[PDB]
Amino acid sequence: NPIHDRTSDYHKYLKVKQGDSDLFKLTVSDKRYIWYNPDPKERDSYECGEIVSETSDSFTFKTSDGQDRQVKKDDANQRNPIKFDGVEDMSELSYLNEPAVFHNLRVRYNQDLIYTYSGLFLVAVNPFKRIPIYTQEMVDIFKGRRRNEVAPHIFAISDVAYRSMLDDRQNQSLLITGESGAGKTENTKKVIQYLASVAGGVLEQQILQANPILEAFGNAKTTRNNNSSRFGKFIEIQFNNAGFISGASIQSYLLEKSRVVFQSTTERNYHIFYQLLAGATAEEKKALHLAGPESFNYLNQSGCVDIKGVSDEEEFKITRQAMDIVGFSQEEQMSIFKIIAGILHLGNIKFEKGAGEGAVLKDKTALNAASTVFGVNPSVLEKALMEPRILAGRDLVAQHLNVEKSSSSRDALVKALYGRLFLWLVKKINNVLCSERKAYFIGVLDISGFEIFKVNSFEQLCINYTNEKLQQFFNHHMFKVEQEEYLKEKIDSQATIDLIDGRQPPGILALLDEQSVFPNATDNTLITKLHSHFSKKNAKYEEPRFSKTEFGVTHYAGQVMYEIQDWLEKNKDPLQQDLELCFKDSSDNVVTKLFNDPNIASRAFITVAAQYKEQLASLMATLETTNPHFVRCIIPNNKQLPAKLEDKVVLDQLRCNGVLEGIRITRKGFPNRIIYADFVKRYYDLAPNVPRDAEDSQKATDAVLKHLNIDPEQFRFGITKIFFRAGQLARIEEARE
Ligand SMILES: Nc1ncnc2c1ncn2[C@@H]1O[C@H](COP(=O)(O)OP(=O)(O)NP(=O)(O)O)[C@@H](O)[C@H]1O
Ligand SMILES: [Mg+2]
């Protein structure tokens with residue numbers, strides 16, 4: 001039994017290695033320590049200083065260097081006793097200060113223990129290297145085990161969700177959030193894998209197979225991750241009342257369409273582009289008019305056309321086969337690629353103007369190329385691009401567009417194609433796997449946590465808006481659960497949210513929506529409306545001292561400065577009607593769907609923001625009906641390196657993600673809640689007349705306490721556990737046998 005076999009890899013890779021002793025004694029020491037910032041500017045960098053003396057009010061300690069300093073006991077960051085180094089739950093620490101928390105995390109990461117609980121959360125730090133704890137044998141071990149019976153692992157929380165589901169006859173949710181490259185996706189895939197195994201394969205296969213299809217089209221190499229998810233997702237894993245997988249459904253959000261037409265240096269476009277160009281038969285290429293990526297504008301601009309340790313051709317085979325599995329007819333497959341192909345060509349169109357001011361097409365090659373694969377009409381396309389008829393009152397007149405404008409329209413078309421296509425694939429897949437008549441589900445949410453970049457635009461507001469809601473959800477959740485526990489033993493975000501989504505008074509989005517109806521409004525009208533309503537008027541809002549295009553929002557994670565550029569266009573997400581027209585006629589069977597199906601070609605008249613808001617509310621509604629599970633995925637550094645855990649990088653995430661807050665709150669009450677028997681077995685020796693093994697654990701606990709003369713205000717007799725305030729258990733742990 002691996003859990004019992006100290007030689008098992010389970011032990012090796014999931015546990016702190018255990019020696020031959022239980023004995024409290026080993027850990028004996030006289031030294032006390034504190035965590036101090038050896039540089040008060042750089043406050044996340046801490047060093048451990050031994051307390052060489054104390055006053056009634058402060059402590060005096062020596063630094064690394066031998067530099068004595070002093071601190072107020074109240075400002076002190078007491079170091080937990082070494083026995084606590086490596087605990088599986090931060091809820092077990094007595095001193096619950098930030099440096100303390102990072103240290104426990106760090107001690108673990110140094111032994112390659114990437115999973116740690118913090119109360120309700122499962123903290124997962126990216127290892128940036130392989131750790132073989134996701135095997136089938138690894139799976140087998142988590143089966144039916146309680147949180148407390150096994151080591152922290154993603155499989156563990158997935159097991160608990162599954163049992164709870166079966167046992168409470170209640171739907172479940174796993175919310176996996178954090179920074180780009182933190183490993184949300186990786187964990188997400190593990191949760192599914194696990195469920196597929198405990199509860200499962202034909203459907204299973206298709207279910208599994210759906211992923212790769214989505215990652216090809218929705219994932220790309222960015223500077224933060226080689227396989228970044230450019231869309232958020234909610235996976236609903238469906239079960240029948242017997243606890244077997246009955247189906248699945250996928251909800252996608254915020255796909256980054258812009259990446260299609262543009263990519264930052266060293267980044268790539270979505271994977272599919274390269275896989276196609278790489279894995280397409282020499283005879284498929286021809287039919288498709290394809291060359292190397294270098295031959296395409298949409299792919300030859302970033303400098304990067306390949307990912308190390310990645311074969312696009314091998315990957316393409318893998319994508320194609322996945323589609324094969326799920327059920328895309330070859331016919332389908334073709335058009336998909338044809339679309340990918342068409343899109344490529346569209347990007348290759350060079351607009352020229354000088355004949356006038358309005359643009360023209362000297363070379364119809366790329367144009368012809370695109371139209372062909374799309375099955376649309378080149379002359380209609382051509383016109384639709386440079387000479388759209390536009391409603392100007394009563395009259396409908398063809399406008400002759402310049403290059404820029406012409407070029408931007410072409411781009412808009414590309415992005416609609418891509419977005420709609422993505423949508424369609426999602427639909428197609430749900431069709432296959434999805435259940436009308438399902439009994440229970442476990443939904444997995446894999447999306448970014450708060451985003452605070454150099455530049456923050458409309459998308460960051462959206463994501464950060466979702467994030468305030470999820471944080472408020474946690475908070476409420478924590479509240480109820482903390483109350484129950486306390487109860488079982490006889491012992492805001494609204495303002496931000498409103499600023500964003502308020503109706504009356506209007507919040508940011510309502511203002512944006514308002515501005516949206518006016519063909520001639522501008523970024524400047526928009527930002528001015530915003531400041532007019534909120535500058536010095538809304539406590540969560542900040543009008544910048546000098547920038548005229550930005551504004552600040554005080555979020556849960558702190559202030560975020562947004563820039564308004566293009567918001568009006570993003571909100572409306574315009575496409576010339578003639579292009580729709582053009583494409584609505586397409587002779588391609590997949591193409592006609594993207595444009596003829598309202599569920600695909602349209603919103604609801606509603607804006608992008610209104611749609612975002614609505615989908616977030618549905619999401620929350622669903623979540624509200626589940627028993628939730630929280631996973632905080634943490635990136636260790638910004639360099640994609642193993643064995644390199646940077647306190648500043650780390651601390652900042654724990655600050656933003658709700659981990660440290662959860663603890664600060666929890667710290668104020670009775671953080672340590674131990675089982676009577678558990679307490680006694682380790683401390684019996686501290687009092688006179690206590691056998692490790694006592695039938696009356698509670699009485700026994702009182703003896704030690706009393707023997708020790710602990711301050712009764714510091715502890716709390718629960719019906720089954722002893723509750724201890726912060727520091728208490730440490731002191732205790734610090735007592736003589
Ligand atoms: N447990 C893990 N073991 C090994 N590698 C991992 C693990 N978690 C993540 N990784 C590695 O880190 C990379 C990024 O993980 P990933 O799950 O894709 O991050 P993410 O949070 O989904 N990023 P993003 O989609 O861009 O927001 C992976 O491709 C692996 O290189
Ligand atoms: Mg991801």
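All heavy atoms count here, side chains included; hydrogens, waters and symmetry mates do not. Counting starts at 1 for both ligands and their atoms, following the listed order. Counting from 1, the numbers follow the sequence of the chain as shown.
A cation-pi arrangement is not found for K233 relative to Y253, the charged atom failing to lie both closer than 6.0 Å to the ring centre and inside a 45° cone about the ring normal. Judged by the 6.0 Å and 45° rule, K12 forms no cation-pi pair with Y10. A cation-pi arrangement is present between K190 and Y134 under the rule of less than 6.0 angstrom and at most 45 degrees off the ring axis. The side-chain tip of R268 points at the ring of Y274 from less than 6.0 angstrom away and within 45° of straight on.
In this structure, the side chain of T626 engages the main chain of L623 through a donor-acceptor pair within 3.5 Å.
Among protein heavy atoms, atom 22 (O) of ligand 1 sits closest to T185 OG1, 2.8 Å. Closest to atom 16 (P) of ligand 1, if we only count protein heavy atoms, is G183 CA, 3.3 Å. Regarding atom 12 (O) of ligand 1, its nearest protein heavy-atom neighbour is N126 ND2, 2.8 Å. Residue, atom and distance of the protein heavy atom nearest to atom 1 (N) of ligand 1 are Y134 OH, 2.9 Å. For atom 3 (N) of ligand 1, the nearest non-hydrogen atom of the protein is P127 CG, 3.3 Å. In terms of protein heavy-atom proximity, atom 23 (N) of ligand 1 is closest to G181 N, 2.7 Å. Scanning the protein heavy atoms around atom 18 (O) of ligand 1, the nearest turns out to be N225 OD1, 3.1 Å.
Residue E179 approaches ligand 1 through these ligand atoms, each under 4.0 Å from one of its heavy atoms: 21 (O). Close approach of ligand 1 to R130 is summarised as follows: ligand atoms under 4.0 Å from at least one heavy atom of the residue are 4 (C), 5 (N), 11 (C), 30 (C), 31 (O). For ligand 1, the atoms closer than 4.0 angstrom to any heavy atom of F128 are 12 (O).
Using modelled atom types and a 3.5 Å distance limit, the side chains of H271 and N227 yield a donor-acceptor pair.
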| field | salt bridge (charged side-chain N to carboxylate O under 4.0 Å, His left out) between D647 and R106, intermediate numbers included | value | CA-CA 9 Å; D647 22 274; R106 163 189 258 168; 3.6 Å; yes
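If you check each of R224, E186, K129 against atom 4 (C) of ligand 1, the one with the closest non-hydrogen atom is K129. Nearest to atom 20 (P) of ligand 1 by heavy-atom distance, out of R230, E451, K233, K184, is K184.
Under the ring-ring contact (aromatic ring centres under 6.0 Å, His included) test applied with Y162, the options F239, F142, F441, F155 reduce to a single match, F239. With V326 as the fixed residue, the side-chain contact (heavy atoms from CB on, under 4.5 Å) test singles out one of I213, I207, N431: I213. Residue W424 forms a ring-ring contact (aromatic ring centres under 6.0 Å, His included) with just one option from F328, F217, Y418, and that option is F328. For the pairing with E236, the side-chain contact (heavy atoms from CB on, under 4.5 Å) check across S249, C434, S173 returns one residue only, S249.
Between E661 and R664, no side-chain nitrogen of the basic residue sits less than 4.0 Å from a carboxylate oxygen of the acidic one, so the salt-bridge criterion is not met.
In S180, the parts holding a heavy atom less than 4.0 Å from any atom of ligand 1 are both the side chain and the backbone. Counting heavy atoms under 4.0 Å from ligand 1, residue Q640 does not touch it at all. With a 4.0 Å heavy-atom cut-off, ligand 1 is reached by no atom of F231. Using a 4.0 Å cut-off between heavy atoms, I114 contacts ligand 1 through its side chain alone, with no backbone atom that close.
Remark: ligand 1 and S229 share an N or O pair separated by less than 3.5 Å (distance only, no angle test). For ligand 1, none of its N or O atoms has an N or O atom of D446 under 3.5 Å away.
The closest approach between any non-hydrogen atom of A182 and ligand 1 is below 4.0 Å.
The angle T185:OG1 - the Mg ion (ligand 2) - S229:OG amounts to 90°, with values rounded to 10 degrees.
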